Amino acid sequence: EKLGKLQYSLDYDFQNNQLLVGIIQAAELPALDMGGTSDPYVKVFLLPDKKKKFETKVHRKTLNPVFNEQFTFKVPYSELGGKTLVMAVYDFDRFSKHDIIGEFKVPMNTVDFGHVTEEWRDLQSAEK
Amino acid sequence: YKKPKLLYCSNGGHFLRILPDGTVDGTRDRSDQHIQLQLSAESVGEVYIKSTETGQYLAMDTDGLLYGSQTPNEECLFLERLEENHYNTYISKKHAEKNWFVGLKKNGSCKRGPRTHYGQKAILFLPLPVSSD
């Protein structure tokens with residue numbers, strides 16, 4: 001599978017108890033709309049925990065859009081250990097059955113929130 | 001010492017972390033007791049995957065999607081096979097008819113039935129269970 005790449009910088013808050021999933025943008029996104037393009041928006045989801053659900057701003061016909069949405073990982077840092085966050089990019093063609101061009105996830109427990117987790121995350125097309 | 005049988009696939013730190021909910025992912029951690037299943041050969045060649053002392057029982061969704069929690073339906077019966085590549089292979093006899101054998105995504109989760117055939121090397125799982133040697 002292949003969904004391109006997504007740049008992000010995730011930081012942690014110990015006052016309200018939430019992780020700041022600050023993504024930069026996604027590059028080389030799959031097509032969906034009639035024109036080798038799509039309306040990909042990242043829908044931040046979580047494992048069983050399911051204590052968080054945010055919808056990004058639809059990006060009309062764009063396979064390399066920038067925006068940097070602020071996703072608040074509603075879950076105490078101490079709890080993060082048992083919560084695997086999942087970022088799925090959903091299309092918004094606005095005609096056919098919006099498909100999941102791709103997604104990405106990482107075991108928070110392995111994500112040592114020392115300061116800020118910044119990296120060039122790889123995107124994969126998870127057939128859903 | 002038959003106990004917590006760890007199993008995963010695809011080169012890279014990632015273990016199958018099962019949760020009572022059902023959404024099992026390839027968590028790369030060994031601190032929290034949630035990446036162990038009671039893998040054993042129930043019948044002649046038929047091995048079952050049940051995370052008894054840690055999670056739940058598996059129940060593949062028509063092979064296509066791999067899951068488990070409610071009940072260990074026949075979908076969870078797999079034929080124990082070994083590959084000369086230092087990896088274990090399990091054929092979901094329940095769907096063997098379609099040449100489909102349980103396959104998971106190290107960085108995604110267990111759900112690749114449509115590609116459980118000889119397509120994704122992810123089918124070659126690497127087990128790290130506490131045998132009785």
# chains A, B, ... in the order shown; residues from 1 in each chain; ligands from 1
>>> interface_residues(of="chain A", to="chain B", cutoff="7 Å", atoms="only C-alpha atoms", output="mmCIF file with C-alpha atoms, in the first residue's frame")
data_model
loop_
_atom_site.group_PDB
_atom_site.id
_atom_site.type_symbol
_atom_site.label_atom_id
_atom_site.label_comp_id
_atom_site.auth_asym_id
_atom_site.auth_seq_id
_atom_site.Cartn_x
_atom_site.Cartn_y
_atom_site.Cartn_z
ATOM 1 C CA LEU A 47 -8.145 2.544 18.899
ATOM 2 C CA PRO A 48 -10.826 1.110 21.321
ATOM 3 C CA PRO A 107 1.969 2.888 19.108
ATOM 4 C CA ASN A 109 3.402 3.698 24.245
ATOM 5 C CA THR A 110 6.548 3.604 22.095
#
>>> residues_around(residues="region 71-74 of chain B", least_positions_apart="5", cutoff="10 Å", atoms="only C-alpha atoms", output="compact mmCIF listing (two decimals) with N, CA and C atoms, in the first residue's frame")
# COMPACT_ATOMS: atom_id res chain seq x y z
N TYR B 48 -4.81 -22.57 17.07
CA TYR B 48 -5.74 -21.51 17.42
C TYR B 48 -5.02 -20.34 18.08
N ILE B 49 -5.54 -19.14 17.85
CA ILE B 49 -4.97 -17.93 18.41
C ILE B 49 -5.96 -17.33 19.41
N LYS B 50 -5.68 -17.52 20.68
CA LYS B 50 -6.55 -17.01 21.74
C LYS B 50 -5.74 -16.27 22.80
N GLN B 56 -8.41 -11.36 24.22
CA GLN B 56 -9.61 -12.09 23.83
C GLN B 56 -9.30 -13.18 22.80
N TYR B 57 -10.36 -13.85 22.34
CA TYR B 57 -10.23 -14.90 21.33
C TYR B 57 -10.40 -14.29 19.94
N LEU B 58 -9.68 -14.80 18.96
CA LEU B 58 -9.76 -14.28 17.61
C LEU B 58 -10.96 -14.85 16.86
N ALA B 59 -11.43 -14.09 15.87
CA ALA B 59 -12.56 -14.48 15.04
C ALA B 59 -12.53 -13.68 13.74
N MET B 60 -11.76 -14.18 12.79
CA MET B 60 -11.60 -13.52 11.49
C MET B 60 -12.95 -13.20 10.84
N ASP B 61 -13.00 -12.05 10.18
CA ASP B 61 -14.21 -11.63 9.48
C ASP B 61 -14.13 -12.09 8.04
N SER B 92 -5.72 -20.19 7.21
CA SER B 92 -7.09 -20.13 7.69
C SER B 92 -7.95 -21.14 6.93
N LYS B 93 -7.85 -22.41 7.34
CA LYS B 93 -8.60 -23.48 6.69
C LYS B 93 -10.05 -23.06 6.41
N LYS B 94 -10.62 -22.26 7.31
CA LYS B 94 -11.98 -21.77 7.14
C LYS B 94 -12.16 -21.10 5.77
>>> atom_distance(atom1="CA of residue 53 (chain B)", atom2="CA of residue 5 (chain B)")
10.3 Å
>>> residues_around(residues="region 66-81 of chain A", least_positions_apart="6", cutoff="7 Å", atoms="only C-alpha atoms", output="ChimeraX atom specification")
/A:17-26,51-52,54,56,108-109
>>> write_last_selection(atoms="N, CA and C atoms", output="PDB file, in the first residue's frame")
ATOM      1  N   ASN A  17      -3.898  17.471  29.840  1.00  0.00           N
ATOM      2  CA  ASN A  17      -3.726  16.045  29.573  1.00  0.00           C
ATOM      3  C   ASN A  17      -4.183  15.686  28.160  1.00  0.00           C
ATOM      4  N   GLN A  18      -3.488  16.239  27.175  1.00  0.00           N
ATOM      5  CA  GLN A  18      -3.793  15.978  25.777  1.00  0.00           C
ATOM      6  C   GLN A  18      -2.536  16.099  24.929  1.00  0.00           C
ATOM      7  N   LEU A  19      -2.429  15.259  23.915  1.00  0.00           N
ATOM      8  CA  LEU A  19      -1.290  15.307  23.011  1.00  0.00           C
ATOM      9  C   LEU A  19      -1.656  16.159  21.801  1.00  0.00           C
ATOM     10  N   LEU A  20      -0.767  17.069  21.432  1.00  0.00           N
ATOM     11  CA  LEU A  20      -1.011  17.963  20.312  1.00  0.00           C
ATOM     12  C   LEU A  20      -0.468  17.372  19.019  1.00  0.00           C
ATOM     13  N   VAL A  21      -1.360  16.806  18.222  1.00  0.00           N
ATOM     14  CA  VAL A  21      -0.972  16.223  16.950  1.00  0.00           C
ATOM     15  C   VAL A  21      -0.939  17.315  15.887  1.00  0.00           C
ATOM     16  N   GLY A  22       0.183  18.021  15.817  1.00  0.00           N
ATOM     17  CA  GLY A  22       0.333  19.091  14.854  1.00  0.00           C
ATOM     18  C   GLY A  22       0.996  18.630  13.576  1.00  0.00           C
ATOM     19  N   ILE A  23       0.188  18.210  12.612  1.00  0.00           N
ATOM     20  CA  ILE A  23       0.712  17.760  11.329  1.00  0.00           C
ATOM     21  C   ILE A  23       0.958  18.958  10.420  1.00  0.00           C
ATOM     22  N   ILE A  24       1.933  18.843   9.530  1.00  0.00           N
ATOM     23  CA  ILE A  24       2.270  19.932   8.624  1.00  0.00           C
ATOM     24  C   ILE A  24       1.455  19.838   7.339  1.00  0.00           C
ATOM     25  N   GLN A  25       1.560  18.699   6.658  1.00  0.00           N
ATOM     26  CA  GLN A  25       0.835  18.480   5.410  1.00  0.00           C
ATOM     27  C   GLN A  25       1.054  17.059   4.895  1.00  0.00           C
ATOM     28  N   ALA A  26       0.332  16.713   3.836  1.00  0.00           N
ATOM     29  CA  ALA A  26       0.442  15.401   3.217  1.00  0.00           C
ATOM     30  C   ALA A  26       0.896  15.563   1.772  1.00  0.00           C
ATOM     31  N   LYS A  51     -11.636   8.014  22.391  1.00  0.00           N
ATOM     32  CA  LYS A  51     -11.942   9.255  23.103  1.00  0.00           C
ATOM     33  C   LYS A  51     -11.374  10.455  22.353  1.00  0.00           C
ATOM     34  N   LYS A  52     -11.783  10.602  21.099  1.00  0.00           N
ATOM     35  CA  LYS A  52     -11.333  11.704  20.251  1.00  0.00           C
ATOM     36  C   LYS A  52     -11.765  11.472  18.811  1.00  0.00           C
ATOM     37  N   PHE A  54     -11.785  14.124  15.272  1.00  0.00           N
ATOM     38  CA  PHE A  54     -11.701  15.434  14.636  1.00  0.00           C
ATOM     39  C   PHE A  54     -11.672  15.304  13.116  1.00  0.00           C
ATOM     40  N   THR A  56     -10.747  17.250   9.621  1.00  0.00           N
ATOM     41  CA  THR A  56      -9.995  18.360   9.051  1.00  0.00           C
ATOM     42  C   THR A  56     -10.806  19.074   7.971  1.00  0.00           C
ATOM     43  N   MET A 108       1.515   4.757  20.589  1.00  0.00           N
ATOM     44  CA  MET A 108       1.840   5.852  21.504  1.00  0.00           C
ATOM     45  C   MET A 108       2.766   5.404  22.632  1.00  0.00           C
ATOM     46  N   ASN A 109       2.555   4.201  23.160  1.00  0.00           N
ATOM     47  CA  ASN A 109       3.402   3.698  24.245  1.00  0.00           C
ATOM     48  C   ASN A 109       4.880   3.771  23.860  1.00  0.00           C
TER      49      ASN A 109
END
>>> residues_around(residues="residue 36 (chain B)", least_positions_apart="6", cutoff="7 Å", atoms="only C-alpha atoms", output="list in words")
residues 4, 5, 6, 51 and 54 of chain B
>>> decode(residues="region 8-122 of chain B", atoms="C-alpha atoms", output="mmCIF file, in the first residue's frame")
data_model
loop_
_atom_site.group_PDB
_atom_site.id
_atom_site.type_symbol
_atom_site.label_atom_id
_atom_site.label_comp_id
_atom_site.auth_asym_id
_atom_site.auth_seq_id
_atom_site.Cartn_x
_atom_site.Cartn_y
_atom_site.Cartn_z
ATOM 1 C CA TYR B 8 4.471 -10.628 14.720
ATOM 2 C CA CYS B 9 5.637 -10.174 11.118
ATOM 3 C CA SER B 10 7.532 -7.817 8.800
ATOM 4 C CA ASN B 11 11.052 -6.736 9.728
ATOM 5 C CA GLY B 12 10.792 -3.984 12.314
ATOM 6 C CA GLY B 13 9.925 -3.568 15.965
ATOM 7 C CA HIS B 14 6.190 -4.313 16.050
ATOM 8 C CA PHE B 15 4.220 -6.778 18.193
ATOM 9 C CA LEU B 16 0.595 -7.901 17.958
ATOM 10 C CA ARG B 17 -1.068 -6.049 20.838
ATOM 11 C CA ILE B 18 -4.525 -7.481 21.437
ATOM 12 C CA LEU B 19 -7.242 -5.568 23.276
ATOM 13 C CA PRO B 20 -10.597 -6.849 24.672
ATOM 14 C CA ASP B 21 -12.210 -4.323 22.319
ATOM 15 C CA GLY B 22 -11.000 -6.254 19.292
ATOM 16 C CA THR B 23 -8.906 -3.605 17.545
ATOM 17 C CA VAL B 24 -5.537 -5.361 17.726
ATOM 18 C CA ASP B 25 -2.552 -3.397 16.375
ATOM 19 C CA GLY B 26 1.157 -4.005 15.859
ATOM 20 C CA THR B 27 2.329 -2.168 18.962
ATOM 21 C CA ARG B 28 6.111 -2.151 19.283
ATOM 22 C CA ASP B 29 6.231 -2.477 23.070
ATOM 23 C CA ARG B 30 6.788 -5.181 25.682
ATOM 24 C CA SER B 31 6.091 -3.163 28.835
ATOM 25 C CA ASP B 32 2.316 -3.617 28.945
ATOM 26 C CA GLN B 33 1.032 -7.202 29.030
ATOM 27 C CA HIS B 34 -1.145 -6.907 25.921
ATOM 28 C CA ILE B 35 1.014 -8.497 23.194
ATOM 29 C CA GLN B 36 0.648 -12.171 24.106
ATOM 30 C CA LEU B 37 -1.711 -14.853 22.821
ATOM 31 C CA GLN B 38 -2.167 -18.513 23.743
ATOM 32 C CA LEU B 39 -1.093 -20.000 20.411
ATOM 33 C CA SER B 40 -1.321 -23.799 20.370
ATOM 34 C CA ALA B 41 -2.109 -26.717 18.066
ATOM 35 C CA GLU B 42 -5.680 -27.699 18.919
ATOM 36 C CA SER B 43 -6.091 -30.362 16.241
ATOM 37 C CA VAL B 44 -3.689 -32.168 13.887
ATOM 38 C CA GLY B 45 -2.119 -29.103 12.291
ATOM 39 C CA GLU B 46 -4.972 -26.839 13.409
ATOM 40 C CA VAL B 47 -3.586 -24.045 15.583
ATOM 41 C CA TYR B 48 -5.742 -21.513 17.420
ATOM 42 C CA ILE B 49 -4.973 -17.932 18.413
ATOM 43 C CA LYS B 50 -6.547 -17.015 21.737
ATOM 44 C CA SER B 51 -5.254 -14.147 23.875
ATOM 45 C CA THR B 52 -6.720 -15.728 27.004
ATOM 46 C CA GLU B 53 -4.398 -14.364 29.699
ATOM 47 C CA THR B 54 -4.169 -10.871 28.160
ATOM 48 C CA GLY B 55 -6.944 -10.134 25.675
ATOM 49 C CA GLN B 56 -9.611 -12.094 23.831
ATOM 50 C CA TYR B 57 -10.231 -14.898 21.331
ATOM 51 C CA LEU B 58 -9.763 -14.278 17.605
ATOM 52 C CA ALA B 59 -12.561 -14.477 15.044
ATOM 53 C CA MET B 60 -11.602 -13.524 11.490
ATOM 54 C CA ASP B 61 -14.208 -11.629 9.484
ATOM 55 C CA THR B 62 -14.442 -13.911 6.471
ATOM 56 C CA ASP B 63 -10.607 -14.001 6.487
ATOM 57 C CA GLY B 64 -10.682 -10.639 4.687
ATOM 58 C CA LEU B 65 -10.479 -8.789 7.995
ATOM 59 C CA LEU B 66 -8.837 -10.244 11.090
ATOM 60 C CA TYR B 67 -10.417 -9.529 14.478
ATOM 61 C CA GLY B 68 -11.321 -11.130 17.794
ATOM 62 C CA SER B 69 -13.191 -10.464 21.034
ATOM 63 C CA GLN B 70 -16.702 -11.942 21.197
ATOM 64 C CA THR B 71 -16.193 -15.639 20.382
ATOM 65 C CA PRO B 72 -13.466 -17.893 18.873
ATOM 66 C CA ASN B 73 -15.473 -18.787 15.767
ATOM 67 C CA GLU B 74 -14.170 -21.479 13.369
ATOM 68 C CA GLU B 75 -12.743 -18.519 11.411
ATOM 69 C CA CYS B 76 -10.015 -18.623 14.091
ATOM 70 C CA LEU B 77 -8.868 -22.146 13.089
ATOM 71 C CA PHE B 78 -5.600 -22.051 11.131
ATOM 72 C CA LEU B 79 -3.288 -24.747 9.774
ATOM 73 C CA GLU B 80 0.210 -24.549 11.276
ATOM 74 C CA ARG B 81 2.798 -24.277 8.490
ATOM 75 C CA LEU B 82 6.503 -23.399 8.551
ATOM 76 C CA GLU B 83 8.579 -21.620 5.898
ATOM 77 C CA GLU B 84 12.331 -22.040 5.380
ATOM 78 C CA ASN B 85 12.745 -18.317 6.061
ATOM 79 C CA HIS B 86 12.686 -18.275 9.886
ATOM 80 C CA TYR B 87 8.943 -17.548 9.902
ATOM 81 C CA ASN B 88 5.676 -19.282 10.781
ATOM 82 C CA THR B 89 2.706 -19.670 8.445
ATOM 83 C CA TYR B 90 -0.932 -20.195 9.423
ATOM 84 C CA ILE B 91 -3.536 -21.169 6.838
ATOM 85 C CA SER B 92 -7.091 -20.131 7.694
ATOM 86 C CA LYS B 93 -8.605 -23.484 6.686
ATOM 87 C CA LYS B 94 -11.981 -21.766 7.145
ATOM 88 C CA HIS B 95 -11.111 -19.884 3.926
ATOM 89 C CA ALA B 96 -8.303 -22.096 2.579
ATOM 90 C CA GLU B 97 -10.740 -22.852 -0.252
ATOM 91 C CA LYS B 98 -9.896 -19.379 -1.593
ATOM 92 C CA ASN B 99 -6.177 -19.928 -0.923
ATOM 93 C CA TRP B 100 -6.453 -17.338 1.851
ATOM 94 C CA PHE B 101 -4.231 -17.589 4.918
ATOM 95 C CA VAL B 102 -4.247 -15.094 7.823
ATOM 96 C CA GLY B 103 -2.162 -12.016 7.042
ATOM 97 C CA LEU B 104 -1.592 -8.886 9.146
ATOM 98 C CA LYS B 105 -0.108 -5.441 8.546
ATOM 99 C CA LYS B 106 2.827 -4.817 10.911
ATOM 100 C CA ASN B 107 2.136 -1.076 10.653
ATOM 101 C CA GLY B 108 -1.621 -1.341 10.176
ATOM 102 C CA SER B 109 -3.248 -4.307 11.956
ATOM 103 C CA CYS B 110 -4.467 -7.812 11.110
ATOM 104 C CA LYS B 111 -6.732 -7.451 8.051
ATOM 105 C CA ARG B 112 -5.432 -8.399 4.612
ATOM 106 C CA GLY B 113 -7.603 -11.392 3.646
ATOM 107 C CA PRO B 114 -8.076 -10.076 0.062
ATOM 108 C CA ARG B 115 -4.263 -10.388 -0.082
ATOM 109 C CA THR B 116 -3.704 -13.295 2.350
ATOM 110 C CA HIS B 117 -2.674 -15.352 -0.686
ATOM 111 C CA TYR B 118 1.016 -15.434 -1.724
ATOM 112 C CA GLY B 119 1.138 -11.658 -2.111
ATOM 113 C CA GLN B 120 2.216 -10.059 1.164
ATOM 114 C CA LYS B 121 5.266 -11.573 2.910
ATOM 115 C CA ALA B 122 3.528 -10.392 6.112
#
